[PDB]
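Student: sharing the initial chains of the complex here, in place:
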Amino acid sequence: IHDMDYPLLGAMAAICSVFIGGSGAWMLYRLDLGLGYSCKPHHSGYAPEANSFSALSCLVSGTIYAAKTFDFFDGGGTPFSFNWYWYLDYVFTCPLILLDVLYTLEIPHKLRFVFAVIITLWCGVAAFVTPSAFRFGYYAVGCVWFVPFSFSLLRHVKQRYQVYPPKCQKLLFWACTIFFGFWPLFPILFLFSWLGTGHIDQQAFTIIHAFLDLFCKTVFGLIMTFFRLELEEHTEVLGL
């Protein structure tokens, strides 16, 4: 039950908020500094509108983990708790992470992809709060939205993986590893959680997701940031 050693989870949540939140703040600073590695002024002058999704996803996640930190240190149940409804926080963060990939890579069908992940996460929120055997009904519906989304999105990334120069491809390889290697790791964790098989307790479930958000938001956002800097440093700083 809710015997999760909140001081440990509150301390863990505080670290995630600082590192995830701090990483987002750093990315905002780098946005309004230049185009690529060189301090070349932006064509519009301030920054492209679509370059802030990597920074915003970490800032929003860092803020949400700050809310988690308050909830844990408050002793457990709180009127405004992101820990009560699992995957509810990811509803407002995954679209930003996804939009970072779509706009950075110029992947079409940006409207369909965003809806496919929002509904995927909402099915997770509904699956979590359902105490009956129908919790896997919502889970199945979520996978129906997710599997075509991941496979369809993967195909688009492969198409545009070729145009980029080999130097940028190395950075895009590690972004793909996190995006296509860690995102499908959340539904797997659901099956093995206390709601599913039972091999992962709630306290350990929070800790693992804390590390997943570090890679999915901070590490992934920084990789996208440096991929973008490398992309601009080669495309619009000296030609081609």
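Tutor: Yep, it's here. Residues are numbered from 1 along each chain as shown, chains lettered A, B, ... in the order given.

Student: how close does the nearest residue to residue A:126 once chain neighbours are set aside get to residue A:209?
Tutor: Ranked by Cβ to Cβ, 6 or more residues apart in numbering and with sequence neighbours excluded, the top spatial neighbour of residue A:126 is residue A:138, at 4.3 Å. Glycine gets a C-beta too; all of them are placed from N, C-alpha and C. From residue A:138 across to residue A:209, the span is 18 Å (Cβ to Cβ, to the nearest Å).

Student: residue A:111 too?
Tutor: 28 Å.

Student: looking at those two, which is more packed in?
Tutor: Comparing residue A:111 with residue A:209 by neighbour count (other Cβ atoms under 10 Å), the higher total belongs to residue A:209, at 19 against 9.

Student: so that one touches residue A:189, yeah?
Tutor: Yes - using Cβ atoms under 8 Å, residue A:209 is in contact with residue A:189, at 7.4 Å.

Student: show me where chain A has its helices.
Tutor: A:6-31, A:53-73, A:88-91, A:94-105, A:110-129, A:135-160, A:166-182, A:185-192, A:202-213, A:220-235 (DSSP state H).

Student: ok, which of these comes nearest residue A:43?
Tutor: helix A:220-235 (10.1 Å; Cβ to Cβ).

Student: quick one: buried residues of the closest one?
Tutor: Within helix A:220-235, the residues that count as buried by 16 or more other Cβ atoms under 10 Å are A:220-234.

Student: repeat for stretch A:70-86
Tutor: A:70-73, A:78, A:81-83, A:86.

Student: so how far is that stretch from its chain's centroid?
Tutor: Remark: stretch A:70-86 is offset 21 Å from the chain centroid, using Cα atoms, centre = their mean, to the nearest Å.

Student: and what of stretch A:126-140?
Tutor: 23 Å.

Student: other residues contacting that stretch?
Tutor: By Cβ atoms under 8 Å, 6 or more residues apart in numbering, the surrounding residues in contact with stretch A:126-140 are A:85-87, A:123-124, A:142, A:187, A:190, A:195-196.

Student: with the structure above as the base, add chain B:
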Amino acid sequence: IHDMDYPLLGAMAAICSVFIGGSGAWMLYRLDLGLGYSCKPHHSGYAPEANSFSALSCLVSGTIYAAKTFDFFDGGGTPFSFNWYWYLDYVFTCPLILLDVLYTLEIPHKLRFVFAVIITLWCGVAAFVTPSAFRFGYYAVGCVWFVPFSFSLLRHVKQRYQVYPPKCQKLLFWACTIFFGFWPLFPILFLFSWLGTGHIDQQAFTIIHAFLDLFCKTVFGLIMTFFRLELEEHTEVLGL
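Tutor: Take a look at chain B, now in place beside the chains above:
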């Protein structure tokens, strides 16, 4: 009260999810196939961004009816139930249906119209959960947003009903019949429901709305899809 024969409503909800959800899936397949009846590749190559609203509205509604199916078969009240808050589901579906009309017909004031329907539905959600005599206060406020919206939107459709060729006008006539003939049928049903006059019980209220969503989303979405195909088959496949 809540004596609604959930097995009947769950079975009905399952049919709606498959047909509405399946219709949305079919429309997605047709999008990435060609411009019109002929398999002419799209100008952008994949598809226009605004052609997915018809498909997304049915997919979202089909997913929501899947959630309704779980709620009904679970025995009634569920922690994640779309049946507890009536008209809450339409908040996330009507804008998609409306945006299908606005972008397909290129009707201006797309920002005002979307807000007018979202507030209209929210007043319905508030009107439903209010047990006091003020439930008609929210209903009246909803109609204040709806009547100018329907009349103002109707005027715009009449303006652009003339430019389209007679073959496309026939398809637009039936889209207008559903959009301007069934949408005002929901507020009428509210007055005659158990909350209003009392002539429609809750069980019958769900069944009627199930059929309305079949016409408002599946039939309407398909009519828009074929109107779009007919429009493209005449405008950007052979000239004018």
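
Student: once more on the buried residues of stretch A:70-86, with chain B this time?
Tutor: A:70-73, A:78, A:81-83, A:85-86 (16 or more other Cβ atoms under 10 Å in any protein chain shown).

Student: and what of stretch A:28-41?
Tutor: Applying 16+ other Cβ under 10 Å to stretch A:28-41 flags A:28, A:30-31, A:34-36 as buried.

Student: show me which of those is closest to chain B.
Tutor: Of all these, the one with the least separation from chain B (Cβ to the nearest Cβ) is residue A:31, at 25.0 Å.

Student: and for the closest one, nearest residue in space, chain neighbours not counted?
Tutor: residue A:47 (4.8 Å; Cβ to Cβ, 6 or more residues apart in numbering or on different chains).

Student: which positions in chain A make contact with chain B?
Tutor: Within chain A, the positions near chain B by Cβ under 8 Å from any Cβ of the partner chain are A:108-112, A:115, A:119, A:123, A:125-126, A:129-132, A:134, A:137-138, A:141, A:145.

Student: can you select the buried ones from these in PyMOL?
Tutor: In PyMOL, a selection of the buried entries from these looks like this (16+ other Cβ under 10 Å):
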select buried, chain A and resi 108+109+110+111+112+115+119+123+125+126+129+130+134+137+138+141+145
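
Student: give the contact list for the nearest residue to residue A:52 once chain neighbours are set aside.
Tutor: Of all residues not flanking residue A:52 in the chain, residue A:31 sits nearest, at 6.4 Å (Cβ to Cβ, 6+ apart). Listed by Cβ atoms under 8 Å, 6 or more residues apart in numbering or on different chains, the contact partners of residue A:31 are A:47, A:51-52, A:55.

Student: ok, now which ones touch residue A:33?
Tutor: residue A:39.

Student: what sits against residue A:51?
Tutor: A:31, A:103-104, A:228.

Student: by proximity to chain B, which residue of chain A wins?
Tutor: residue A:126 (3.7 Å).

Student: now do that residue against residue A:136, distance only.
Tutor: Residue A:126 is 11 Å from residue A:136, by Cβ to Cβ.

Student: go on, residue A:170?
Tutor: Taking Cβ to Cβ, one finds residue A:170 at 40 Å from residue A:136.

Student: following sequence is chain C, add it:
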Amino acid sequence: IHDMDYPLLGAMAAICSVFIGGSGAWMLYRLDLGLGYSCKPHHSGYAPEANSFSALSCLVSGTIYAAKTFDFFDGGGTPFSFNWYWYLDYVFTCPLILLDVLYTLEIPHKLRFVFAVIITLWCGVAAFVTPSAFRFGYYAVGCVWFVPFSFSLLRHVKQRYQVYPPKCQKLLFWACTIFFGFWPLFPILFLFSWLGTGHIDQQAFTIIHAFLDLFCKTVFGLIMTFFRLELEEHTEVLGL
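Tutor: With chain C now in place:
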């Protein structure tokens, strides 16, 4: 506690809904009338898409105050009550007010600014419902998002305050006074409220916020409307 003389607050809420709601309705009428003071037809023909934020913010606020009026006159606690969760209503209105400034003045970073105010208000909603000493944790996180937002947004406004002619600058001065003089007055009120210091009771807290919304939405929206009319009357009606 909840001894707030609801008939007084309901009567006050009704006045705000009519004046704020009515002002938004008036601004919609002026939009589809002409460009500036003269009745010059719009370049697009109907209206720019970004000119409706001033009208929509008042219409949404007027509608929400109508919901508040029902909640107060119903006797207090209501299933659909905007008065139970303070600052929840501002989540759906402040972005519209902010977007009015951003699009009217063409301030870049429109995506970052909107997120900075939505998270700022959500921290206020969480801060309000928290009964523990951590209510100031959410408040502090909200100020962390707000102070950089207000200072960063202020710098942008100063940059574009110079290009406009002196006649338009006078109208922009009073918009800045409300935007940068009243917005920071809400967090100050939180500290002195019954949740903070204790010098402002809940009944007086509602009355003060009623007057703040009159200036922040109605007066501010009208100033933006006339600033826009003055701007168009000088830029795209006779040249420069």
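
Student: same as before for the buried residues of stretch A:28-41, with chain C this time.
Tutor: A:28, A:30-32, A:34-36.

Student: and what of stretch A:138-157?
Tutor: A:138-139, A:141-146, A:149-150, A:152-153, A:156-157.

Student: restrict those to those near chain C?
Tutor: Answer for the buried residues of stretch A:138-157 near chain C: none qualify (Cβ under 8 Å from any Cβ).

Student: ok, so of the buried residues of stretch A:28-41, who is nearest residue A:216?
Tutor: Nearest member of these to residue A:216, counting by Cβ to Cβ, is residue A:28, at 18.8 Å.

Student: one step back: which of the buried residues of stretch A:28-41 are close to chain C?
Tutor: Near chain C, by the rule Cβ under 8 Å from any Cβ, you find residue A:28 out of those.

Student: can I get the buried residues of stretch A:28-41 in JSON lines including distance to residue C:22?
Tutor: What follows is these, written out as JSON lines (distance: Cβ to Cβ, whole Å):
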{"residue": "A:28", "distance to residue C:22": "40"}
{"residue": "A:30", "distance to residue C:22": "47"}
{"residue": "A:31", "distance to residue C:22": "42"}
{"residue": "A:32", "distance to residue C:22": "41"}
{"residue": "A:34", "distance to residue C:22": "49"}
{"residue": "A:35", "distance to residue C:22": "48"}
{"residue": "A:36", "distance to residue C:22": "52"}
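
Student: between the buried residues of stretch A:28-41, which is closest to residue A:1?
Tutor: Using Cβ to Cβ, the buried residues of stretch A:28-41 come closest to residue A:1 at residue A:28, 40.4 Å.

Student: just give me the neighbour total for the residue lying closest to that closest one once chain neighbours are set aside.
Tutor: Spatially, and ignoring its direct neighbours in sequence, residue A:28 is nearest to residue A:55 (4.5 Å; Cβ to Cβ, 6+ apart). Using other Cβ atoms under 10 Å in any protein chain shown, residue A:55 is surrounded by 26 other residues.

Student: just checking, residue A:55 touches residue A:221?
Tutor: Yes - contact criterion Cβ under 8 Å: residue A:55 and residue A:221 qualify, at 7.2 Å.
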